[PDB]
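Asker: I'm passing along upload_24.pdb; it holds PDB, C-alpha atoms (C1' of nucleotides).
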MODEL        1
ATOM      1  CA  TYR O1029      26.232 -25.823 -31.275  1.00  0.00           C
ATOM      2  CA  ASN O1030      26.638 -22.946 -28.844  1.00  0.00           C
ATOM      3  CA  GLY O1031      23.491 -20.892 -28.513  1.00  0.00           C
ATOM      4  CA  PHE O1032      25.388 -17.674 -27.892  1.00  0.00           C
ATOM      5  CA  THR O1033      28.288 -17.692 -30.351  1.00  0.00           C
ATOM      6  CA  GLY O1034      27.106 -20.303 -32.843  1.00  0.00           C
ATOM      7  CA  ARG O1035      30.387 -22.202 -32.713  1.00  0.00           C
ATOM      8  CA  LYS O1036      29.912 -25.930 -32.388  1.00  0.00           C
ATOM      9  CA  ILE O1037      30.995 -27.431 -29.090  1.00  0.00           C
ATOM     10  CA  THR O1038      34.315 -29.292 -29.227  1.00  0.00           C
ATOM     11  CA  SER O1039      32.890 -32.141 -27.218  1.00  0.00           C
ATOM     12  CA  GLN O1040      29.892 -34.020 -28.551  1.00  0.00           C
ATOM     13  CA  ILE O1041      26.915 -33.885 -26.243  1.00  0.00           C
ATOM     14  CA  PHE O1042      24.817 -36.745 -24.886  1.00  0.00           C
ATOM     15  CA  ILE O1043      21.165 -35.876 -25.391  1.00  0.00           C
ATOM     16  CA  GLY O1044      17.778 -37.546 -25.574  1.00  0.00           C
ATOM     17  CA  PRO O1045      14.323 -38.081 -24.083  1.00  0.00           C
ATOM     18  CA  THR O1046      14.193 -38.874 -20.376  1.00  0.00           C
ATOM     19  CA  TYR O1047      11.106 -38.986 -18.169  1.00  0.00           C
ATOM     20  CA  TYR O1048      11.382 -36.290 -15.530  1.00  0.00           C
ATOM     21  CA  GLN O1049       9.129 -35.570 -12.576  1.00  0.00           C
ATOM     22  CA  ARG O1050       8.100 -32.394 -10.795  1.00  0.00           C
ATOM     23  CA  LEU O1051       8.237 -32.582  -7.031  1.00  0.00           C
ATOM     24  CA  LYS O1052       5.987 -30.643  -4.694  1.00  0.00           C
ATOM     25  CA  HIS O1053       8.876 -28.704  -3.135  1.00  0.00           C
ATOM     26  CA  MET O1054       8.581 -25.316  -4.762  1.00  0.00           C
ATOM     27  CA  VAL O1055      10.472 -22.322  -3.448  1.00  0.00           C
ATOM     28  CA  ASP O1056       7.373 -20.127  -3.035  1.00  0.00           C
ATOM     29  CA  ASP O1057       6.114 -22.461  -0.305  1.00  0.00           C
ATOM     30  CA  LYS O1058       9.406 -22.187   1.587  1.00  0.00           C
ATOM     31  CA  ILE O1059      10.607 -18.583   1.299  1.00  0.00           C
ATOM     32  CA  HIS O1060       9.887 -16.385   4.313  1.00  0.00           C
ATOM     33  CA  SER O1061      11.537 -13.458   6.076  1.00  0.00           C
ATOM     34  CA  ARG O1062      10.865 -11.419   9.212  1.00  0.00           C
ATOM     35  CA  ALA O1063      11.521  -7.968  10.641  1.00  0.00           C
ATOM     36  CA  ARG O1064       9.965  -7.599  14.151  1.00  0.00           C
ATOM     37  CA  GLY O1065       6.730  -9.424  13.415  1.00  0.00           C
ATOM     38  CA  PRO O1066       4.442 -11.075  15.969  1.00  0.00           C
ATOM     39  CA  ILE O1067       5.577 -12.293  19.389  1.00  0.00           C
ATOM     40  CA  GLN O1068       4.878 -15.399  21.486  1.00  0.00           C
ATOM     41  CA  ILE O1069       2.698 -15.119  24.576  1.00  0.00           C
ATOM     42  CA  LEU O1070       4.452 -16.770  27.511  1.00  0.00           C
ATOM     43  CA  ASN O1071       8.018 -15.739  26.710  1.00  0.00           C
ATOM     44  CA  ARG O1072       8.314 -12.692  24.523  1.00  0.00           C
ATOM     45  CA  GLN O1073      10.328 -14.346  21.745  1.00  0.00           C
ATOM     46  CA  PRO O1074       9.152 -14.463  18.110  1.00  0.00           C
ATOM     47  CA  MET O1075       6.734 -17.072  16.796  1.00  0.00           C
ATOM     48  CA  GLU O1076       7.619 -20.187  14.829  1.00  0.00           C
ATOM     49  CA  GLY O1077       6.454 -21.108  11.355  1.00  0.00           C
TER
ATOM     50  CA  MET X   1       6.164 -13.312  -7.205  1.00  0.00           C
ATOM     51  CA  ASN X   2       9.818 -12.380  -7.562  1.00  0.00           C
ATOM     52  CA  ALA X   3       9.466 -13.145 -11.278  1.00  0.00           C
ATOM     53  CA  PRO X   4      10.540 -10.125 -13.296  1.00  0.00           C
ATOM     54  CA  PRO X   5       8.149  -9.260 -16.114  1.00  0.00           C
ATOM     55  CA  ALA X   6       8.933 -10.432 -19.621  1.00  0.00           C
ATOM     56  CA  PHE X   7       9.216  -6.953 -21.141  1.00  0.00           C
ATOM     57  CA  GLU X   8      12.148  -6.064 -18.881  1.00  0.00           C
ATOM     58  CA  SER X   9      14.662  -7.782 -21.184  1.00  0.00           C
ATOM     59  CA  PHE X  10      14.205  -5.165 -23.923  1.00  0.00           C
ATOM     60  CA  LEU X  11      12.432  -2.067 -22.548  1.00  0.00           C
ATOM     61  CA  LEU X  12      14.369   0.886 -21.205  1.00  0.00           C
ATOM     62  CA  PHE X  13      13.141   2.183 -17.874  1.00  0.00           C
ATOM     63  CA  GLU X  14      12.544   5.899 -17.524  1.00  0.00           C
ATOM     64  CA  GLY X  15      15.839   7.664 -16.972  1.00  0.00           C
ATOM     65  CA  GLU X  16      17.905   4.786 -18.324  1.00  0.00           C
ATOM     66  CA  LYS X  17      20.204   5.259 -21.293  1.00  0.00           C
ATOM     67  CA  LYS X  18      20.522   2.810 -24.160  1.00  0.00           C
ATOM     68  CA  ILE X  19      24.270   3.427 -24.294  1.00  0.00           C
ATOM     69  CA  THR X  20      26.996   4.724 -21.980  1.00  0.00           C
ATOM     70  CA  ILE X  21      30.654   5.464 -22.721  1.00  0.00           C
ATOM     71  CA  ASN X  22      33.496   5.305 -20.198  1.00  0.00           C
ATOM     72  CA  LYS X  23      37.183   5.812 -20.911  1.00  0.00           C
ATOM     73  CA  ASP X  24      39.515   3.029 -19.772  1.00  0.00           C
ATOM     74  CA  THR X  25      42.277   4.538 -17.659  1.00  0.00           C
ATOM     75  CA  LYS X  26      44.627   1.528 -17.585  1.00  0.00           C
ATOM     76  CA  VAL X  27      45.757   1.747 -21.228  1.00  0.00           C
ATOM     77  CA  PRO X  28      45.570   4.526 -23.818  1.00  0.00           C
ATOM     78  CA  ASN X  29      42.975   4.599 -26.603  1.00  0.00           C
ATOM     79  CA  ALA X  30      40.656   2.098 -24.917  1.00  0.00           C
ATOM     80  CA  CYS X  31      37.031   2.564 -24.005  1.00  0.00           C
ATOM     81  CA  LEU X  32      34.128   0.641 -22.483  1.00  0.00           C
ATOM     82  CA  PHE X  33      30.663   0.770 -24.023  1.00  0.00           C
ATOM     83  CA  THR X  34      27.766  -0.281 -21.805  1.00  0.00           C
ATOM     84  CA  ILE X  35      24.520  -1.112 -23.600  1.00  0.00           C
ATOM     85  CA  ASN X  36      21.267  -1.534 -21.704  1.00  0.00           C
ATOM     86  CA  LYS X  37      18.575  -4.043 -22.708  1.00  0.00           C
ATOM     87  CA  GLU X  38      20.688  -5.899 -25.260  1.00  0.00           C
ATOM     88  CA  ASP X  39      22.236  -9.342 -25.288  1.00  0.00           C
ATOM     89  CA  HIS X  40      24.545 -11.629 -27.258  1.00  0.00           C
ATOM     90  CA  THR X  41      22.516 -11.001 -30.454  1.00  0.00           C
ATOM     91  CA  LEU X  42      24.033  -7.549 -30.797  1.00  0.00           C
ATOM     92  CA  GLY X  43      27.338  -7.855 -28.960  1.00  0.00           C
ATOM     93  CA  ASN X  44      28.606 -10.857 -30.904  1.00  0.00           C
ATOM     94  CA  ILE X  45      28.118  -9.284 -34.335  1.00  0.00           C
ATOM     95  CA  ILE X  46      29.563  -6.008 -33.077  1.00  0.00           C
ATOM     96  CA  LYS X  47      32.665  -7.835 -31.798  1.00  0.00           C
ATOM     97  CA  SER X  48      33.096  -9.848 -34.996  1.00  0.00           C
ATOM     98  CA  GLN X  49      32.719  -6.745 -37.144  1.00  0.00           C
ATOM     99  CA  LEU X  50      35.232  -4.840 -35.009  1.00  0.00           C
ATOM    100  CA  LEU X  51      37.731  -7.646 -35.476  1.00  0.00           C
ATOM    101  CA  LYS X  52      37.898  -7.068 -39.230  1.00  0.00           C
ATOM    102  CA  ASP X  53      39.404  -3.614 -38.646  1.00  0.00           C
ATOM    103  CA  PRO X  54      43.231  -3.775 -38.501  1.00  0.00           C
ATOM    104  CA  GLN X  55      43.321  -0.499 -36.579  1.00  0.00           C
ATOM    105  CA  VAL X  56      41.480  -2.236 -33.694  1.00  0.00           C
ATOM    106  CA  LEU X  57      43.920  -3.798 -31.239  1.00  0.00           C
ATOM    107  CA  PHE X  58      41.418  -5.260 -28.774  1.00  0.00           C
ATOM    108  CA  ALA X  59      37.705  -5.945 -28.954  1.00  0.00           C
ATOM    109  CA  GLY X  60      35.472  -8.016 -26.744  1.00  0.00           C
ATOM    110  CA  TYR X  61      32.143  -8.147 -24.997  1.00  0.00           C
ATOM    111  CA  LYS X  62      30.569  -9.717 -21.944  1.00  0.00           C
ATOM    112  CA  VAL X  63      27.296  -9.992 -20.095  1.00  0.00           C
ATOM    113  CA  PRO X  64      27.896  -9.276 -16.396  1.00  0.00           C
ATOM    114  CA  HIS X  65      24.959 -11.376 -15.270  1.00  0.00           C
ATOM    115  CA  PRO X  66      22.339 -13.292 -17.281  1.00  0.00           C
ATOM    116  CA  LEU X  67      19.506 -12.103 -15.039  1.00  0.00           C
ATOM    117  CA  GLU X  68      20.713  -8.573 -15.673  1.00  0.00           C
ATOM    118  CA  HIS X  69      20.202  -7.153 -19.166  1.00  0.00           C
ATOM    119  CA  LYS X  70      23.425  -5.327 -19.932  1.00  0.00           C
ATOM    120  CA  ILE X  71      26.380  -5.852 -22.198  1.00  0.00           C
ATOM    121  CA  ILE X  72      29.876  -4.398 -22.049  1.00  0.00           C
ATOM    122  CA  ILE X  73      32.109  -3.950 -25.084  1.00  0.00           C
ATOM    123  CA  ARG X  74      35.766  -3.075 -24.601  1.00  0.00           C
ATOM    124  CA  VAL X  75      37.539  -1.589 -27.618  1.00  0.00           C
ATOM    125  CA  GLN X  76      41.184  -0.574 -27.942  1.00  0.00           C
ATOM    126  CA  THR X  77      42.507   0.982 -31.141  1.00  0.00           C
ATOM    127  CA  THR X  78      45.838   2.255 -32.373  1.00  0.00           C
ATOM    128  CA  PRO X  79      46.726   5.909 -31.795  1.00  0.00           C
ATOM    129  CA  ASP X  80      45.592   8.155 -34.703  1.00  0.00           C
ATOM    130  CA  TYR X  81      42.266   6.351 -34.357  1.00  0.00           C
ATOM    131  CA  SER X  82      39.376   6.344 -31.940  1.00  0.00           C
ATOM    132  CA  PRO X  83      37.351   3.438 -30.520  1.00  0.00           C
ATOM    133  CA  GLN X  84      34.186   5.495 -30.974  1.00  0.00           C
ATOM    134  CA  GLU X  85      34.679   5.962 -34.700  1.00  0.00           C
ATOM    135  CA  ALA X  86      35.723   2.300 -34.858  1.00  0.00           C
ATOM    136  CA  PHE X  87      32.399   1.355 -33.285  1.00  0.00           C
ATOM    137  CA  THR X  88      30.297   3.510 -35.584  1.00  0.00           C
ATOM    138  CA  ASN X  89      32.231   2.309 -38.634  1.00  0.00           C
ATOM    139  CA  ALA X  90      31.522  -1.266 -37.559  1.00  0.00           C
ATOM    140  CA  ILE X  91      27.817  -0.428 -37.258  1.00  0.00           C
ATOM    141  CA  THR X  92      27.658   1.323 -40.622  1.00  0.00           C
ATOM    142  CA  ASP X  93      29.441  -1.607 -42.253  1.00  0.00           C
ATOM    143  CA  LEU X  94      27.235  -4.213 -40.587  1.00  0.00           C
ATOM    144  CA  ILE X  95      24.085  -2.391 -41.729  1.00  0.00           C
ATOM    145  CA  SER X  96      25.505  -2.382 -45.269  1.00  0.00           C
ATOM    146  CA  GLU X  97      26.082  -6.134 -44.995  1.00  0.00           C
ATOM    147  CA  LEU X  98      22.507  -6.749 -43.853  1.00  0.00           C
ATOM    148  CA  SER X  99      21.032  -4.516 -46.564  1.00  0.00           C
ATOM    149  CA  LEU X 100      23.025  -6.264 -49.297  1.00  0.00           C
ATOM    150  CA  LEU X 101      22.019  -9.628 -47.822  1.00  0.00           C
ATOM    151  CA  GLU X 102      18.341  -8.628 -47.799  1.00  0.00           C
ATOM    152  CA  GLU X 103      18.428  -7.468 -51.429  1.00  0.00           C
ATOM    153  CA  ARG X 104      20.159 -10.624 -52.643  1.00  0.00           C
ATOM    154  CA  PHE X 105      17.793 -12.789 -50.597  1.00  0.00           C
ATOM    155  CA  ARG X 106      14.604 -11.293 -52.033  1.00  0.00           C
ATOM    156  CA  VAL X 107      16.093 -11.517 -55.545  1.00  0.00           C
ATOM    157  CA  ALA X 108      16.876 -15.202 -55.007  1.00  0.00           C
ATOM    158  CA  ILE X 109      13.359 -15.739 -53.604  1.00  0.00           C
ATOM    159  CA  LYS X 110      11.801 -14.228 -56.732  1.00  0.00           C
ATOM    160  CA  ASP X 111      14.113 -16.324 -58.922  1.00  0.00           C
ATOM    161  CA  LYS X 112      13.120 -19.506 -57.071  1.00  0.00           C
ATOM    162  CA  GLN X 113       9.475 -18.770 -57.888  1.00  0.00           C
ATOM    163  CA  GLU X 114       9.396 -20.146 -61.471  1.00  0.00           C
ATOM    164  CA  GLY X 115      12.907 -19.386 -62.642  1.00  0.00           C
TER
ATOM    165  CA  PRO G 254       4.757 -18.990  46.598  1.00  0.00           C
ATOM    166  CA  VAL G 255       2.247 -18.781  43.758  1.00  0.00           C
ATOM    167  CA  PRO G 256       3.793 -17.258  40.624  1.00  0.00           C
ATOM    168  CA  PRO G 257       2.102 -14.343  38.859  1.00  0.00           C
ATOM    169  CA  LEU G 258       0.021 -14.193  35.708  1.00  0.00           C
ATOM    170  CA  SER G 259       3.072 -13.745  33.460  1.00  0.00           C
ATOM    171  CA  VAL G 260       4.341 -17.184  34.483  1.00  0.00           C
ATOM    172  CA  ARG G 261       0.952 -18.866  33.930  1.00  0.00           C
ATOM    173  CA  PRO G 262      -0.911 -16.855  31.273  1.00  0.00           C
ATOM    174  CA  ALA G 263      -4.517 -17.612  30.391  1.00  0.00           C
ATOM    175  CA  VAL G 264      -5.482 -17.608  26.710  1.00  0.00           C
ATOM    176  CA  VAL G 265      -8.902 -16.339  25.631  1.00  0.00           C
ATOM    177  CA  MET G 266     -11.587 -18.978  24.776  1.00  0.00           C
ATOM    178  CA  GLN G 267      -9.092 -21.282  22.917  1.00  0.00           C
ATOM    179  CA  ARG G 271     -10.582 -18.159  29.249  1.00  0.00           C
ATOM    180  CA  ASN G 272      -8.463 -21.308  29.374  1.00  0.00           C
ATOM    181  CA  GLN G 273      -6.192 -21.429  32.394  1.00  0.00           C
ATOM    182  CA  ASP G 274      -2.673 -22.791  32.534  1.00  0.00           C
ATOM    183  CA  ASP G 275      -1.671 -26.340  33.421  1.00  0.00           C
ATOM    184  CA  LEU G 276      -0.008 -24.788  36.494  1.00  0.00           C
ATOM    185  CA  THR G 277      -3.055 -22.699  37.457  1.00  0.00           C
ATOM    186  CA  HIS G 278      -5.244 -25.811  37.748  1.00  0.00           C
ATOM    187  CA  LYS G 279      -2.663 -27.393  40.042  1.00  0.00           C
ATOM    188  CA  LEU G 280      -2.685 -24.212  42.143  1.00  0.00           C
ATOM    189  CA  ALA G 281      -6.480 -24.478  42.285  1.00  0.00           C
ATOM    190  CA  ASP G 282      -6.108 -28.021  43.639  1.00  0.00           C
ATOM    191  CA  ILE G 283      -3.564 -26.679  46.166  1.00  0.00           C
ATOM    192  CA  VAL G 284      -5.801 -23.946  47.579  1.00  0.00           C
ATOM    193  CA  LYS G 285      -8.818 -26.291  47.464  1.00  0.00           C
ATOM    194  CA  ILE G 286      -7.274 -28.971  49.656  1.00  0.00           C
ATOM    195  CA  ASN G 287      -5.498 -26.322  51.767  1.00  0.00           C
ATOM    196  CA  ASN G 288      -8.774 -24.584  52.653  1.00  0.00           C
ATOM    197  CA  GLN G 289     -10.339 -28.014  53.215  1.00  0.00           C
ATOM    198  CA  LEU G 290      -7.539 -29.248  55.496  1.00  0.00           C
ATOM    199  CA  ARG G 291      -7.500 -25.902  57.320  1.00  0.00           C
ATOM    200  CA  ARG G 292     -11.203 -25.844  58.202  1.00  0.00           C
ATOM    201  CA  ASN G 293     -11.217 -29.620  58.749  1.00  0.00           C
ATOM    202  CA  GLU G 294      -8.408 -29.626  61.305  1.00  0.00           C
ATOM    203  CA  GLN G 295      -9.921 -26.494  62.842  1.00  0.00           C
ATOM    204  CA  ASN G 296     -13.408 -27.802  63.568  1.00  0.00           C
ATOM    205  CA  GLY G 297     -13.247 -31.569  63.290  1.00  0.00           C
ATOM    206  CA  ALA G 298      -9.795 -32.737  64.480  1.00  0.00           C
ATOM    207  CA  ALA G 299     -10.596 -36.265  63.286  1.00  0.00           C
ATOM    208  CA  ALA G 300      -6.811 -37.094  63.328  1.00  0.00           C
ATOM    209  CA  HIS G 301      -7.315 -39.772  60.639  1.00  0.00           C
ATOM    210  CA  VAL G 302      -8.786 -37.623  57.836  1.00  0.00           C
ATOM    211  CA  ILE G 303      -5.909 -35.203  58.500  1.00  0.00           C
ATOM    212  CA  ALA G 304      -3.441 -37.955  57.539  1.00  0.00           C
TER
ATOM    213  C1'   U V   1     -21.886  38.767   0.199  1.00  0.00           C
ATOM    214  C1'   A V   2     -20.646  31.561   1.643  1.00  0.00           C
ATOM    215  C1'   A V   3     -18.521  26.360   1.883  1.00  0.00           C
ATOM    216  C1'   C V   4     -20.003  19.078   6.061  1.00  0.00           C
ATOM    217  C1'   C V   5     -17.467  14.772   6.669  1.00  0.00           C
ATOM    218  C1'   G V   6     -12.459  10.775  10.105  1.00  0.00           C
ATOM    219  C1'   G V   7     -12.388   5.013  14.082  1.00  0.00           C
ATOM    220  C1'   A V   8      -6.867   0.725  13.784  1.00  0.00           C
ATOM    221  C1'   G V   9      -1.702  -4.823  15.920  1.00  0.00           C
ATOM    222  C1'   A V  10      -4.334  -8.402  15.534  1.00  0.00           C
ATOM    223  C1'   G V  11      -4.477 -14.224  16.928  1.00  0.00           C
ATOM    224  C1'   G V  12      -4.018 -19.788  21.745  1.00  0.00           C
ATOM    225  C1'   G V  13      -1.744 -24.183  23.348  1.00  0.00           C
ATOM    226  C1'   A V  14      -0.702 -29.451  23.502  1.00  0.00           C
ATOM    227  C1'   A V  15      -0.254 -34.305  21.260  1.00  0.00           C
ATOM    228  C1'   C V  16       0.534 -37.319  16.990  1.00  0.00           C
ATOM    229  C1'   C V  17       1.726 -38.284  11.856  1.00  0.00           C
ATOM    230  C1'   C V  18       4.053 -37.283   7.133  1.00  0.00           C
ATOM    231  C1'   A V  19       7.970 -34.973   4.540  1.00  0.00           C
ATOM    232  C1'   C V  20      12.749 -31.988   3.381  1.00  0.00           C
ATOM    233  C1'   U V  21      18.539 -31.167   3.709  1.00  0.00           C
TER
ENDMDL
END
Now, as a test, write the supplied structure out as structure tokens.

Answerer:
Amino acid sequence: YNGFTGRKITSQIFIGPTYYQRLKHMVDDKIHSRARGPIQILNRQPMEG
Amino acid sequence: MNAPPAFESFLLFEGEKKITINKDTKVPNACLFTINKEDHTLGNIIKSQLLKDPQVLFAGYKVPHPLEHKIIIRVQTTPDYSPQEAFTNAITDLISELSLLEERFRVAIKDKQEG
Amino acid sequence: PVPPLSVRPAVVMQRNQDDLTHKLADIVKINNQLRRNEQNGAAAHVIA
RNA sequence: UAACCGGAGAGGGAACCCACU
């Protein structure tokens, strides 16, 4: 049944237990931004990483 | 850390309004009601109660974004009649429905207990 | 021509000189050696 | 006919391996 309106869905839904995994690729280990941070030494371009 | 806190779904910030009214310029006798910190729980019963009124020509609601907590209800009524009084009549009928339902429920609960 | 410090910067205690600065040190080492060696000695085989 | 304070952009590199789209 729809969780919002309560009307039952016209199609019938395939559902059941399935063994899922959680991978190590979060988003909080990947998000990063920059606005004029640190600078490399030899050429004065920004850092990497 | 970008997680919004759990209370933000139902708590008005300072300076926010629970309700805002804006006239719809495209067609006459139509108005948009914006409700802050409410969801389908309130909008669906408001829409269904508005659709029992024959003097209501249009009634609908939407959530603009699920991560946002807002709901918009568009009401259009016949001339001689206002969408605002349509809305408050729908509320004061829906409260009457819930009060009657509560009374009959507690009576049936007492009657189930050895009766 | 030997390039300046900006071309071959030296980091501080990992001072550690550049890969190019060590080569320049080898250059001036054997240049001073060959200079004094051809000046005094003139061995004509060591110079080769 | 009165009363005490004060200083700020740090911080490197090469090589190899694993992994993501």

Asker: I would like the residues chosen by the PyMOL selection byres ((chain O) within 12 of (chain G)) on the shown file; could you give them as an MDAnalysis selection string?

Answerer: chainID O and resid 1068:1072

Asker: Using only C-alpha atoms (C1' of nucleotides), determine which residues lie at most 10 Å from residue 1032 of chain O, disregarding the query and same-chain residues fewer than 6 positions distant; provide the list as a ChimeraX atom specification.

Answerer: /X:39-41,44

Asker: Could you please select, counting only C-alpha atoms, the residues of chain O within 10 Å of chain X and state them as a list in words?

Answerer: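 Result, ordered by chain then number: residues 1031, 1032, 1033, 1034 and 1056 of chain O.
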
Asker: Could you give me, as a tab-separated table, a per-residue list for chain G showing, wherever an atom lies at most 12 Å from an atom of chain V, the closest pair of atoms and their distance in Å to one decimal, using all atoms listed in the file and sorting by chain then residue number from low to high?

Answerer:
residue	atom	partner	partner_atom	distance
G:262	CA	V:12	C1'	10.4
G:263	CA	V:12	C1'	8.9
G:264	CA	V:12	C1'	5.6
G:265	CA	V:12	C1'	7.1
G:266	CA	V:12	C1'	8.2
G:267	CA	V:12	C1'	5.4
G:271	CA	V:12	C1'	10.1
G:272	CA	V:12	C1'	9.0
G:273	CA	V:13	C1'	10.4
G:274	CA	V:13	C1'	9.3
G:275	CA	V:13	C1'	10.3

Asker: Put those residues in a file: C-alpha atoms, as an mmCIF file, in the frame of the given file.

Answerer:
data_model
loop_
_atom_site.group_PDB
_atom_site.id
_atom_site.type_symbol
_atom_site.label_atom_id
_atom_site.label_comp_id
_atom_site.auth_asym_id
_atom_site.auth_seq_id
_atom_site.Cartn_x
_atom_site.Cartn_y
_atom_site.Cartn_z
ATOM 1 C CA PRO G 262 -0.911 -16.855 31.273
ATOM 2 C CA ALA G 263 -4.517 -17.612 30.391
ATOM 3 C CA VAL G 264 -5.482 -17.608 26.710
ATOM 4 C CA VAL G 265 -8.902 -16.339 25.631
ATOM 5 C CA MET G 266 -11.587 -18.978 24.776
ATOM 6 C CA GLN G 267 -9.092 -21.282 22.917
ATOM 7 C CA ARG G 271 -10.582 -18.159 29.249
ATOM 8 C CA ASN G 272 -8.463 -21.308 29.374
ATOM 9 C CA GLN G 273 -6.192 -21.429 32.394
ATOM 10 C CA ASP G 274 -2.673 -22.791 32.534
ATOM 11 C CA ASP G 275 -1.671 -26.340 33.421
#

Asker: Closest to residue 90 of chain X among X:47, X:3, X:112, X:55, using all atoms listed in the file?

Answerer: X:47

Asker: Using Å and a single decimal, report how far atom CA of residue 42 of chain X sits from atom CA of residue 83 of chain X.

Answerer: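 Computing the Euclidean distance for atom CA of residue 83 of chain X and atom CA of residue 42 of chain X yields 17.3 Å.
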
Asker: Hey, can you check how far atom CA of residue 1035 of chain O sits from atom CA of residue 58 of chain X?

Answerer: 20.6 Å

Asker: Can I get the residues of chain O within 12 Å of chain V, each with the closest pair of atoms and their distance in Å to one decimal, using all atoms listed in the file, sorted chain first then ascending number, as a Markdown table?

Answerer:
| residue | atom | partner | partner_atom | distance |
| --- | --- | --- | --- | --- |
| O:1051 | CA | V:20 | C1' | 11.4 |
| O:1052 | CA | V:19 | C1' | 10.4 |
| O:1053 | CA | V:20 | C1' | 8.3 |
| O:1054 | CA | V:20 | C1' | 11.3 |
| O:1058 | CA | V:20 | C1' | 10.5 |
| O:1065 | CA | V:9 | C1' | 9.9 |
| O:1066 | CA | V:9 | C1' | 8.8 |
| O:1067 | CA | V:11 | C1' | 10.5 |
| O:1068 | CA | V:12 | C1' | 9.9 |
| O:1069 | CA | V:12 | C1' | 8.7 |
| O:1070 | CA | V:13 | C1' | 10.5 |
| O:1075 | CA | V:11 | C1' | 11.6 |

Asker: Would you mind exporting the chosen residues as a short mmCIF file (atom, residue, chain, number, x, y, z; two decimals), keeping the file's coordinate frame, restricted to C-alpha atoms?

Answerer:
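The result, stored in part21.cif:
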data_model
loop_
_atom_site.label_atom_id
_atom_site.label_comp_id
_atom_site.auth_asym_id
_atom_site.auth_seq_id
_atom_site.Cartn_x
_atom_site.Cartn_y
_atom_site.Cartn_z
CA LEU O 1051 8.24 -32.58 -7.03
CA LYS O 1052 5.99 -30.64 -4.69
CA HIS O 1053 8.88 -28.70 -3.14
CA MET O 1054 8.58 -25.32 -4.76
CA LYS O 1058 9.41 -22.19 1.59
CA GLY O 1065 6.73 -9.42 13.42
CA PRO O 1066 4.44 -11.08 15.97
CA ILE O 1067 5.58 -12.29 19.39
CA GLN O 1068 4.88 -15.40 21.49
CA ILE O 1069 2.70 -15.12 24.58
CA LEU O 1070 4.45 -16.77 27.51
CA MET O 1075 6.73 -17.07 16.80
#

Asker: For the file shown, report as a list in words the outcome of the PyMOL selection byres ((chain X and resi 33-37) around 9) at residue level.

Answerer: residues 8, 9, 10, 11, 12, 16, 17, 18, 19, 20, 21, 22, 23, 31, 32, 38, 39, 68, 69, 70, 71, 72, 73, 74 and 75 of chain X

Asker: Starting from 6 Å padding per side, set up an axis-aligned box that covers all listed atoms of segment 1-18 of chain V and hand over centre and edge lengths in Å, one decimal, as AutoDock Vina command-line options.

Answerer:
--center_x -8.9 --center_y 0.2 --center_z 11.9 --size_x 37.9 --size_y 89.1 --size_z 35.3

Asker: Quick check, in Å to one decimal: how far apart do atom CA of residue 276 of chain G and atom CA of residue 1073 of chain O lie?

Answerer: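 Between atom CA of residue 276 of chain G and atom CA of residue 1073 of chain O the gap is 20.8 Å.
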
Asker: For segment 94-106 of chain X, work out the shell of residues within 10 Å, counting only C-alpha atoms (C1' of nucleotides) and skipping chain neighbours fewer than 5 positions away, then give it as a VMD selection string.

Answerer: chain X and resid 45 to 46 48 to 50 88 to 89 111 to 112

Asker: At a cut-off of 10 Å, using all atoms listed in the file, what residues contact residue 82 of chain X? Leave out same-chain residues fewer than 3 positions from it and give the result as a PyMOL selection string.

Answerer: chain X and resi 29-31+55-56+75-79+85-87

Asker: Could you save those same residues with C-alpha atoms as a compact mmCIF listing (two decimals), in the coordinates of the input?

Answerer:
# COMPACT_ATOMS: atom_id res chain seq x y z
CA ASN X 29 42.98 4.60 -26.60
CA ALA X 30 40.66 2.10 -24.92
CA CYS X 31 37.03 2.56 -24.00
CA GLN X 55 43.32 -0.50 -36.58
CA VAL X 56 41.48 -2.24 -33.69
CA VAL X 75 37.54 -1.59 -27.62
CA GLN X 76 41.18 -0.57 -27.94
CA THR X 77 42.51 0.98 -31.14
CA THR X 78 45.84 2.26 -32.37
CA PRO X 79 46.73 5.91 -31.80
CA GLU X 85 34.68 5.96 -34.70
CA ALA X 86 35.72 2.30 -34.86
CA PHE X 87 32.40 1.36 -33.28
